[PDB]
Novice: 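Got a structure here, written out as structure tokens. Questions coming.
Protein chains get the first letters and strands the later ones, always in sequence-line order, with residue 1 at the start of each. Keep in mind that the numbers below use all heavy atoms, side chains included, and drop hydrogens, waters and symmetry copies.
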Amino acid sequence: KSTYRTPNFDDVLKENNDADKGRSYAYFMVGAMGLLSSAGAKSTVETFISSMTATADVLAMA
Amino acid sequence: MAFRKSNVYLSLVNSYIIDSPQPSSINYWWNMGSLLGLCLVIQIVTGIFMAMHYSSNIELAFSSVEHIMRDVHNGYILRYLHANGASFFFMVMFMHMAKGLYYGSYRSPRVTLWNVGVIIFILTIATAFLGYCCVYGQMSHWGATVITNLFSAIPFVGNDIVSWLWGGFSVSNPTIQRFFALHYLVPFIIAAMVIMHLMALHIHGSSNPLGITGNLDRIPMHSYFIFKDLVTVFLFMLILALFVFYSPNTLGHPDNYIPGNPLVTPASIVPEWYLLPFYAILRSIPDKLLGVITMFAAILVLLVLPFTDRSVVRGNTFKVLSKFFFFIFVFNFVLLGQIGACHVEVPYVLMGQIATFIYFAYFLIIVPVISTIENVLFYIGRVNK
Amino acid sequence: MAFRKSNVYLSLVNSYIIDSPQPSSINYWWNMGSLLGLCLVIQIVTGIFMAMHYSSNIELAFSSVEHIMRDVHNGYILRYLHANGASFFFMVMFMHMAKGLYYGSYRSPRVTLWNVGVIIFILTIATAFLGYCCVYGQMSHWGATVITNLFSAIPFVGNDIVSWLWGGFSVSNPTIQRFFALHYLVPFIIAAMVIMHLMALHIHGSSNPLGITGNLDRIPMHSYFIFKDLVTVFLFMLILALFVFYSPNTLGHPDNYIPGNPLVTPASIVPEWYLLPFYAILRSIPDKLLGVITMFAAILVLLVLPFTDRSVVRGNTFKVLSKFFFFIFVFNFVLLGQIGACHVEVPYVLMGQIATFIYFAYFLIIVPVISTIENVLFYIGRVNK
Amino acid sequence: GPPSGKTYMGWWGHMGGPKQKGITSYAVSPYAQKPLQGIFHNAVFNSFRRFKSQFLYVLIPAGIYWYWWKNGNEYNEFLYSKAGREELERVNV
Amino acid sequence: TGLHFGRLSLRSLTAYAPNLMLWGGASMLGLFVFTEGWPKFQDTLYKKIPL
Amino acid sequence: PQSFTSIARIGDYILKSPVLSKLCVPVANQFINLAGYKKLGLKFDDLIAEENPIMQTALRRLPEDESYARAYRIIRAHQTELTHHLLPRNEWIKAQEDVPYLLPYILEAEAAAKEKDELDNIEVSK
Amino acid sequence: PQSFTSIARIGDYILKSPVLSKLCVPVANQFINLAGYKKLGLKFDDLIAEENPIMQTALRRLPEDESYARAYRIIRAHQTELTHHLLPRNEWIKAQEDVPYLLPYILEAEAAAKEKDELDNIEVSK
Amino acid sequence: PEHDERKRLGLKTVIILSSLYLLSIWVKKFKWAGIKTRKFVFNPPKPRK
Ligand SMILES: CCCCCCCCCCC(=O)OC[C@H](COP(=O)(O)OC[C@H](O)COP(=O)(O)OC[C@@H](COC(=O)CC)OC(=O)CCC)OC(=O)CCCCCCCC
Ligand SMILES: CCCCCCCCCCCCCCCCCC(=O)OC[C@H](COP(=O)(O)OCCN)OC(=O)CCCCCCCCCCCCC
Ligand code: HEM
Ligand code: HEM
Ligand code: HEM
Ligand code: HEM
Ligand SMILES: COc1c(O)c(C)c(C/C=C(/C)CC/C=C(\C)CC/C=C(/C)CC/C=C(/C)CC/C=C(\C)CCC=C(C)C)c(O)c1OC
Ligand SMILES: COc1c(O)c(C)c(C/C=C(\C)CC/C=C(\C)CC/C=C(/C)CC/C=C(/C)CC/C=C(\C)CCC=C(C)C)c(O)c1OC
Ligand SMILES: CCCCCCCCCCCCCCC(=O)O[C@H](COC(=O)CCCCCCCCCCCC)COP(=O)(O)O
Ligand SMILES: CCCCCCCCCCCCCCC(=O)O[C@H](COC(=O)CCCCCCCCCCCC)COP(=O)(O)O
Ligand SMILES: CCCCCCCCCCCCCCCCCC(=O)O[C@H](COC(=O)CCCCCC)COP(=O)(O)OCCN
Ligand SMILES: CCCCCCCCCCCCCCCCCC(=O)O[C@H](COC(=O)CCCCCC)COP(=O)(O)OCCN
Ligand SMILES: CCCCCCCCCCCCCC(=O)O[C@H](COC(=O)CCCCCCCCCCC)COP(=O)(O)O
Ligand SMILES: COC(=O)N(OC)c1ccccc1COc1ccn(-c2ccc(Cl)cc2)n1
Ligand SMILES: COC(=O)N(OC)c1ccccc1COc1ccn(-c2ccc(Cl)cc2)n1
């Protein structure tokens, strides 16, 4: 068999590749994952930093 | 060349994180080592933010932890995350070790990597024990009493070791203040052993589920196995959050909300769930000195496995008999935990004795005999005359 | 090959300790880096043995340190060694840095090694400050008050930073318990920066007192420079022992044996001897915000030196003008300490202003101008027409 | 530095396997194919196929150890009832 | 013709067996320095003729 | 691990004996079918661990044509396993093809290491 | 650091000028004698730092006979300094021997690096 | 005394992390599609060598 014959890939290929669209759906999901994890990182840091503020008993004697 | 390859510091990140060659066929069981590294970061960070509000004096200790819960902003999040984070750290480690036992990762050329790991395990049981004592409730006092009095049986030298460990004549204030300072330290020693552990992996790299060479088909780490590891990071955080926020005291004992009292003994002194199988091995030996030796021998019999496996094939994937006895050993390890949470009564006395034997016979009698039988069956099935 | 060269872990010891090529001509000024590594081991070990007996509560703190002195076996040895060990650690570091400034070790190809060192210095001032506050005497309370109130001048955001640093409305109990937990931590961060510091030295190795290449004559480290380093280890341990056992409170202040009181101010608030020159730079600036900027700028102006030295020769060995101004800068740094231990009175106000200028003009105006003059004199003395 | 004792794995270009000749590889871009394509025909075909193979090695051991815990827990509760006080004083001695 | 071994030959045992006795000593020497003053072993550590 | 010299000594004794071969061979055949390495397209000698000097020697002495085929079977099996499928049943190794192609190179390298090693610890007569 | 092209531009201006040369040259001569590199047996071009590409280029273009002598002067000076002695006064470099033997190779490599760099950032007319 | 606040912050945290877990499964299967459908062919060479 010759090396110029490409094997069968028709189980996995698209409608038409349509590069306007194949990039659309992959990067909406990569953008959503970066949005949620940047919000989550910001809640984690503010939870740890606020623990260093004045406690309830110190504010009661304020 | 690229900056990531030329810089002194980024060259190490690139060689370990970005361009590292990995076998194409490794599965999700190879993701546990990543999680154990996030676990250690969770515990060290949460612990340092609590240490700002903790007092180690025996008359102030229990009330400092209740003060973190009531008066500190988001302090109930720090403790429950921290307390349940240790239960999760131990569960991922048992699965990491059981994997290596199944796929033969202890064998040469990776004997040095297995031995540094056995050290990490010992130093991790020690850390957790020291921290539970710093709460100083009623399981904290009587758990330290039972374990520290074991060293008074060493010949001629024992009663000097307990009084030097206590700082006195009983579990008292000097004991609780020294256990907190050591409990802060040992996590930084575990981190230094984790770096030495990774250096020994870089030499030969990782194995694979088939037990053959992986030098013919390799994939880089970045953007195949980085994104495969995000999958299990978010599942770990989800299940942990479900315990911290909705069921935060199911993996504990109620007696440790009673403050510690030397004059009233509890009706049942029971360790956490992850030290129960080793606690059943100790209770099974009638003599005090032999019991404390047999318990520590249960951790260091793992070092004998590279010399007792007598097989020419690595791993259990193609091995029928060696699969059956791998899962006998796993469920015998779950019964030892159950028996460690029971009263010392018939028939739970003999059950823990027979099961302590099966723990030791696996490493020393079963593996050598089935490995040799399997080798000879492979031969006579192909070469038959 | 030899085992010391084949093993993963001993190969690093051999390449750094045993077979490392060193220039034949390095003198005893190259032995200070070894001593700073023994210093860090002395402080970490002595501190962990004291932490077993220390209580951080503001009502218990001063009396815990007096309890280490009277009731703990050999506790007076641990404290005086520890307290005087920090004075020795800082003196060896100033000599280590002054050497590199004299021999041009900051220059390319070793700019990265100089910058990791500037970081170690900042983290080391922070450590010592946090520890002096944990004694909680009368120099401990009022020293933390003066420095923490400086951050209340940052525009629009300052009074939020001081109350988050304090944990309240003044230096109080939450301040002293958080400063002890951070004081235990930062030594382990300094150790991780010392490893990164050594990695950057291994690339190009060490320089030498002549400022030329050392690749034509090299000596291995073992049994020429190991035994040359024992000479200075034992001299260090002798002089330190003479302070610990015969004069253990001459490098301190008596007011810190008075317990801390917010209602009585001392007549003279004075830092330890090794932070006095930076304390005089702060007091010299009439405005509060500019003062705290000028003080931190005194540490980070060292990063500007690799770009302001305009010479084709490395080091000062063959440089006449650049030797005179190196020793002007050293004795101007000793006057700033003296003025930092005086009352704010005529003429010590203007003296500290002129001397704060000379500290900054050395790095920014003097070095560029003398380096250029010296280059041109070398040329016209040889090439004359 | 000096070179240390060598391994059974190299790096890109000199990984240290046997020489290859006569093998050809083909592939298609992921942007040009559809993801989430067949993951039923996966959880119902392959998971059930993988389960059916490796389930008698896990469940026969589990059945022996669980039966053992049972007969012990049943017998203990009998010993400490009032109908089993005579047996208790026999076996506890 | 035959001598037995596990990389540690039988007469590779007894060309070092004296030195094993001597380094068995070198560790005897190494700890009865190390643990006088420890209040336990004092029973038979100043059994010596002087001191 | 156990030597192939010892594995062959025990096996040959079992096989030459009529009663033992009629009793131990059917167990060994169904141990092979239950293992399932043929379903991934591998012969048994592909599975032997290769990180030791006797086995590195045997692989150099192997002919070029047998060595190129071994590399392809190993790559094909890794790809079959990351997809969590099996190969088509017309690509499975048959019994007559599962031959010990590497055993003679192993037994030759083992016998030479034992001869060398006896000669380095000899007891001489006078 | 400062370029040898700039060092030579300033120096030549000082030297061509009569009044400045009568005023700045004696200072420069006694700056040389007080430095003391001749007493260790070195010429000035031995002292120039060599860890940069323009200076690595100049040392390759140097003839073999001048390069062997440079290596010996540098080894002799390291040995003189670890003993904390000076050389005999009949082995000191004299003034007529302290020649700039490496300067022409440096100025040639510098002029080529500037020409190449200007050509890589040119503004073109139309 | 934190019972009511705790149960409401856990609703926020479980919703956010549950969607990140599903998004991560999508992104992985897209970036792995080249490797899963890659194909191999062997033509035995001549043993001249
Ligand atoms: C405490 C929390 C820690 C957090 C993480 C723990 C994860 C540990 C689980 C054990 C493990 O790692 O191995 C799991 C193993 C399957 O691994 P494999 O590579 O062979 O199959 C890849 C898959 O087919 C493709 O999976 P694919 O990549 O195509 O899709 C991802 C999948 C997510 O699955 C995971 O997260 C794996 C943990 O998407 C879905 O499931 C969609 C449904 C929402 O499965 C088995 O072999 C048997 C599993 C049952 C035994 C588990 C008992 C453990 C105590
Ligand atoms: C001191 C130290 C002592 C430590 C003792 C350790 C005990 C800790 C218990 C941890 C449980 C983890 C058990 C599973 C071990 C991980 C490795 C493994 O089992 O391999 C997965 C295997 C994969 O299947 P294949 O054989 O086809 O190989 C891959 C294809 N090439 O497929 C399988 O083998 C089946 C996978 C199913 C696993 C679930 C079975 C166990 C279920 C209940 C366990 C309860 C634990 C609490
Ligand atoms: C491997 C890392 C660690 C492990 C496994 C661990 C384990 C534990 C455990 C099991 C407890 C008892 C939990 C309970 O309250 O029921 C505990 C308590 C505690 N630990 Fe840690 N710990 C680790 C690291 C640290 C570090 C580095 C610190 C300090 C900086 C720390 C500080 C504390 C404190 C203050 C407590 C008091 C009780 C509490 O707040 O729950 N821990 N630790
Ligand atoms: C506790 C902290 C630990 C960390 C952070 C850690 C980290 C890692 C990582 C990242 C890997 C590579 C990925 C993987 O194989 O999963 C790994 C592999 C390995 N670990 Fe650990 N580990 C730890 C504990 C242990 C323990 C306790 C053991 C055994 C007793 C161990 C033995 C091994 C082995 C044998 C491998 C190689 C497996 C293979 O390549 O097939 N490790 N470890
Ligand atoms: C770079 C390392 C360190 C430096 C430079 C340093 C510096 C200091 C200084 C200057 C003091 C005040 C001395 C005085 O009493 O007048 C102090 C006190 C103290 N330090 Fe450290 N320290 C270091 C490491 C540590 C560590 C790692 C610990 C704990 C494990 C520690 C624990 C203490 C304690 C408990 C005190 C209480 C007061 C005393 O005992 O003198 N130190 N430290
Ligand atoms: C804990 C603190 C430090 C330790 C343990 C340490 C350690 C060392 C050691 C062992 C050397 C080997 C050569 C020598 O001794 O000169 C060295 C060199 C050097 N260090 Fe440090 N150092 C420390 C702090 C610093 C600081 C604060 C600076 C500068 C701000 C610095 C800059 C340098 C430089 C430039 C060299 C190379 C000098 C040369 O090769 O001529 N180091 N250091
Ligand atoms: C020019 O080339 C050189 C060179 O000249 C020299 C001298 C050295 C050696 C000099 C050094 C500075 C390296 C030494 C290393 C350090 C200073 C880092 C130290 C790091 C630590 C983490 C120290 C901590 C020490 C401990 C003992 C922690 C454990 C604490 C204990 C055991 C006490 C508490 C225990 C109990 C039971 C209460 C070089 O490495 C080197 O490189 C090639
Ligand atoms: C197979 O390939 C892999 C791989 O798969 C993985 C997963 C990893 C990833 C990592 C690991 C497996 C583990 C390594 C982890 C460590 C060494 C952990 C160190 C842990 C820490 C917690 C350091 C913390 C330091 C601090 C300073 C934070 C503490 C406190 C703070 C910030 C409070 C102070 C704050 C204020 C405001 C005062 C690899 O490195 C790797 O390469 C081999
Ligand atoms: C060795 C340990 C393995 C697990 C490491 C997990 C660490 C996460 C780092 C992921 C970085 C991905 C590279 C970025 C990139 O290629 O371009 C990014 C793509 O990825 C993203 O957008 C971010 C996606 C996920 C958020 C990252 C944080 C995950 C949560 C962290 C939880 C703590 C562990 C830029 O987007 P673009 O290429 O379309 O322009
Ligand atoms: C690491 C950077 C250098 C800093 C100085 C290092 C100080 C610590 C190491 C001590 C030197 C040991 C080397 C001896 C050796 O191996 O050669 C041994 C010598 O050993 C002996 O028998 C004599 C006893 C050694 C004297 C020990 C002196 C002081 C020990 C430590 C003091 C406390 C700090 C000879 O063998 P060698 O020539 O092949 O190296
Ligand atoms: C210490 C733990 C033991 C394990 C080793 C730790 C290694 C992990 C380090 C993590 C990566 C750190 C990122 C470094 C960023 C690039 C550095 C750089 O630009 O190098 C320098 C500048 O660096 C500095 O001035 C100070 C850097 C301090 C960094 C402190 C974190 C750039 O200079 P250059 O272009 O010549 O690159 C170096 C060539 N060898
Ligand atoms: C920079 C921070 C972290 C890195 C630290 C590097 C410097 C640490 C110095 C370590 C001192 C030497 C440790 C033991 C040396 C011998 C190791 C060895 O023989 O390897 C193994 C034994 O395995 C083990 O049990 C390792 C225990 C590690 C002990 C943890 C301290 C056998 O030697 P192996 O054959 O692997 O050596 C290859 C050369 N042919
Ligand atoms: C380092 C700790 C990570 C532990 C994760 C385990 C899961 C329990 C989450 C507890 C988080 C406490 C904060 C919180 O409750 O926020 C909550 C928000 O929930 C989240 O977003 C989940 C955060 C986790 C996402 C991953 C972040 C990546 C790590 C960042 C490191 C730079 C509520 O915060 P809020 O004040 O309402 O804004
Ligand atoms: C998490 O803490 C507890 O569960 N603790 O300790 C307060 C507890 C509580 C109640 C009853 C018993 C214990 C102790 O159980 C065990 C069993 C073995 N170890 C052990 C300890 C150290 C080392 Cl090096 C090796 C083995 N400890
Ligand atoms: C050893 O401790 C003392 O001498 N302390 O502190 C209690 C003291 C005592 C009395 C008066 C003043 C001080 C403080 O003097 C200084 C001067 C500069 N810093 C500083 C601190 C942190 C950072 Cl990041 C940077 C600079 N501190």
Side-chain angles (χ1 to χ4, degrees), chain B residues 22-28 30 104 107-111 203-205 207-219 224-225 228 306-324 368-385, chain F residues 1-4 6-17 20-21 24-40 42-52 55 59 70-84 95 98-101 103 106:
Chain B
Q22 309 299 132
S24 62
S25 57
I26 58 174
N27 62 20
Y28 270 114
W30 265 259
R107 296 170 47 117
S108 47
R110 295 174 193 93
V111 173
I203 300 159
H204 307 91
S207 188
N208 66 75
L210 294 182
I212 59 170
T213 184
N215 282 333
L216 293 81
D217 201 358
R218 298 266 183 178
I219 297 297
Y224 289 96
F225 286 112
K228 182 152 150 158
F307 315 97
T308 54
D309 186 11
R310 305 290 290 165
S311 186
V312 296
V313 185
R314 188 195 279 101
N316 279 344
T317 301
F318 309 112
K319 285 174 203 166
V320 174
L321 289 170
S322 185
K323 271 171 176 177
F324 184 81
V369 178
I370 65 181
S371 313
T372 291
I373 290 172
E374 287 173 315
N375 279 346
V376 171
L377 291 168
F378 276 129
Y379 181 89
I380 66 180
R382 288 148 57 232
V383 188
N384 190 2
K385 302 285 96 174
Chain F
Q2 194 186 357
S3 293
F4 277 100
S6 181
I7 293 157
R9 180 160 53 246
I10 296 157
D12 292 345
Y13 179 76
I14 293 167
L15 297 154
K16 295 184 295 236
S17 178
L20 295 188
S21 80
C24 297
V25 162
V27 182
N29 268 310
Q30 137 117 283
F31 180 86
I32 291 285
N33 294 323
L34 273 175
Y37 57 84
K38 300 174 183 168
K39 297 170 181 184
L40 288 176
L42 300 153
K43 315 191 195 209
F44 177 77
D45 286 348
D46 298 304
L47 306 178
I48 295 162
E50 77 174 48
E51 300 87 29
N52 73 83
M55 196 53 188
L59 291 168
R70 183 190 99 107
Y72 170 63
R73 289 192 300 265
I74 278 163
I75 283 166
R76 182 176 67 168
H78 281 317
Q79 185 72 31
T80 308
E81 201 272 323
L82 67 86
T83 66
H84 302 92
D98 193 28
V99 296
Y101 69 89
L103 183 66
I106 285 163

Novice: Among B/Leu210, B/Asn27, B/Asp217, B/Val376, which residue has the highest count of heavy-atom pairs closer than 4.5 Å to chain F?
Specialist: B/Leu210
Novice: Find the distance between OG (F/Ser6) and CG (B/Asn375) and round it off to the nearest 0.5 Å.
Specialist: 9.5 Å
Novice: Examine whether an atom of F/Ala8 lies under 4.5 Å from a heavy atom of chain B, and if so say whether it belongs to the side chain, the backbone or both; otherwise answer neither.
Specialist: both
Novice: Which region of F/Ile14, side chain (C-beta onward) or backbone (N, CA, C, O), has a non-hydrogen atom less than 4.5 Å from a non-hydrogen atom of chain B, or is it both or neither?
Specialist: side chain
Novice: Between B/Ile212 and F/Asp46, which heavy-atom pair has the shortest distance, and what is it?
Specialist: CG2-O, 3.5 Å
Novice: Could you pull out the closest heavy-atom pair between F/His78 and B/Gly214, with the gap in Å?
Specialist: NE2-CA, 4.4 Å
Novice: Under 4.5 Å, counting heavy-atom pairs only, tell me which of B/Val313, B/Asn208, B/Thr213 racks up the most with chain F.
Specialist: B/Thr213
Novice: If you measure from CG on F/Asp45 to CZ on B/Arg382, what distance do you get to the nearest 0.5 Å?
Specialist: 5.0 Å
Novice: Which region of F/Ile32, side chain (C-beta onward) or backbone (N, CA, C, O), has a non-hydrogen atom less than 4.5 Å from a non-hydrogen atom of chain B, or is it both or neither?
Specialist: side chain
Novice: Got a sec: does the OH of F/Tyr13 have more than 12 other heavy atoms crowding it under 6.0 Å?
Specialist: no
Novice: Given that the side chain runs from C-beta out, which part of B/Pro209 has a heavy atom under 4.5 Å from chain F: side chain, backbone, both or neither?
Specialist: side chain
Novice: What's the shortest heavy-atom distance between B/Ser311 and F/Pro1, and which atoms?
Specialist: O-CB, 3.7 Å
Novice: For B/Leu377 and F/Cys24, work out which heavy atoms get closest and say how close.
Specialist: CD2-O, 4.3 Å
Novice: Ignoring hydrogens, what is the shortest heavy-atom contact between F/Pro100 and B/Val383? Give both atom names and the distance.
Specialist: CG-CG2, 3.9 Å
Novice: If you count every heavy atom of other residues, nucleotides or ligands that lies below 6.0 Å from B/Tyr224 atom OH, does the total exceed 12?
Specialist: no
Novice: Pick whichever of F/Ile10, F/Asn29, F/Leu47 has the most heavy-atom pairs under 4.5 Å with chain B.
Specialist: F/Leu47
Novice: Determine the option with the most heavy-atom pairs under 4.5 angstrom with chain B, choosing from F/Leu15, F/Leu82, F/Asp12.
Specialist: F/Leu15
Novice: Checking heavy atoms, do the side chain of B/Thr308, its backbone, both or neither come under 4.5 Å from chain F?
Specialist: neither
Novice: Between F/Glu50 and chain B, which part of the residue has a heavy atom less than 4.5 Å away: side chain, backbone, both or neither?
Specialist: side chain
Novice: So which atom in F/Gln2 and which in B/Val312 form the shortest heavy-atom distance, rounded to 0.1 Å?
Specialist: O-CG1, 3.9 Å
Novice: May I ask you to check whether B/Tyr379 and F/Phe4 place their ring centres under 6.0 Å from each other?
Specialist: no
